[PDB]
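In terms of the authors' numbering, the sequence shown is residues 1 to 36, 45 to 149, 163 to 298.
For each residue, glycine too, the CB sits at the ideal point set by N, CA and C.
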Amino acid sequence: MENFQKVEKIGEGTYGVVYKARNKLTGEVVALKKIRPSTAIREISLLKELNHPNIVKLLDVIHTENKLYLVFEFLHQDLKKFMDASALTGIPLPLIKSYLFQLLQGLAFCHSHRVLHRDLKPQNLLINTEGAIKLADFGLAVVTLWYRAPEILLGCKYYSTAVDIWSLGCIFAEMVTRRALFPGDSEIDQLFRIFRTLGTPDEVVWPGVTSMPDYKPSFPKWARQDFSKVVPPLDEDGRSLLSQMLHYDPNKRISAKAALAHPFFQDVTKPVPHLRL
Ligand SMILES: COc1ccc(C(=O)c2sc(Nc3ccc(S(N)(=O)=O)cc3)nc2N)cc1
């Protein structure tokens, strides 16, 4: 826009490009998403009133010249970069726990307001120097499939808040192990990597699963792998919480509110991360 001076391109989505920009008038530094539907913009305009310390603030929405611009408060680094920067040593557990706890608070908040994110991934989890982490780039009603809930992969038409809990569980596992939990390269490979680790779901653990749009009786039948092998460095409270975030049945999957009460968070604190900007 004319009112903004692009500083640098900082990312892209399957619908828009995000720039670090400076308000030529106020000088405020922001994240500006450019997108090339009044019902959607109404859904967007609503996100503006979503104020929570763990949700990136949407400052303005401008529809002009066949372009939709979303102006957000700017954070200095995303979790993917932080994880890559911390790959040799690993993010300390207290910080992992703090981040998970904060993201659950953000989700408990949007979910109580009937807002789903739908596409959580390290690249849209933003951190600052003060130890906070916030949910960014909410999704509206080469793409990464690594954090996709099984019900989405199986063709469910209606998503529930449980899809965000699944994504956050995959991210939690990744911070702990320093390796993506389910790194699929195709929808079926994604689905099958999930099955190989958690076991091929059936009617016992997931009532209705065999009646899902994309379920095939011909899916291979893999046995559930021992959880202690999945995220070895994680203590039992962490593994217990993770298993509840990764339940196959959306209705059995733990809620963000309930997860916040899990014993894993008994000793949660808010450490300062070492950020190289
Ligand atoms: C995938 O699509 C997205 C669309 C929009 C947003 C968004 O709201 C952002 S991105 C941002 N700053 C930032 C992001 C990454 C880095 S990095 N890579 O660590 O050097 C540094 C700064 N601040 C806000 N508020 C995030 C993702």
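Presumed contact (8 Å Cβ cut-off) between residue i and residue j, rounded CB distance
i	j	result
residue 149	residue 188	In fact, because the Cβ distance is near 17 Å, the residues do not count as touching under 8 Å.
residue 69	residue 78	6 Å
residue 143	residue 125	6 Å
residue 367	residue 277	No answer is possible for residue 367: it lies beyond the span of the chain, which begins at 1 and ends at 298.
residue 285	residue 267	Going by Cβ atoms, the distance from residue 285 to residue 267 rounds to 14 Å, so no, they are not a contact pair.
residue 252	residue 194	5 Å
Alpha-carbon spacing of residue i relative to residue j, whole angstroms
i	j	result
residue 131	residue 105	18 Å
residue 100	residue 49	40 Å
residue 359	residue 184	Only positions 1 to 298 of the chain appear in this structure, which leaves residue 359 out of reach.
residue 5	residue 23	7 Å
residue 383	residue 265	Here the chain has residues from 1 to 298 only, and residue 383 is not among them.
Per-residue DSSP class, three states only, for residue i
i	result
residue 214	helix
residue 9	strand
residue 168	coil
residue 88	helix
residue 283	coil
residue 63	strand
residue 265	helix
residue 119	helix
Bridge partner(s) assigned by DSSP for residue i
i	result
residue 74	Residue 74 is not bridged to any residue.
residue 23	4
residue 68	79
residue 108	Answer is none; residue 108 lacks a bridge partner.
residue 135	85 and 141
residue 176	Residue 176 is not bridged to any residue.
residue 32	19 and 79
Close beta carbons around residue i, own chain, < 7 Å, minus the five adjacent residues each side
i	result
residue 208	166 and 174
residue 110	62, 140 and 141
residue 147	125, 126 and 127
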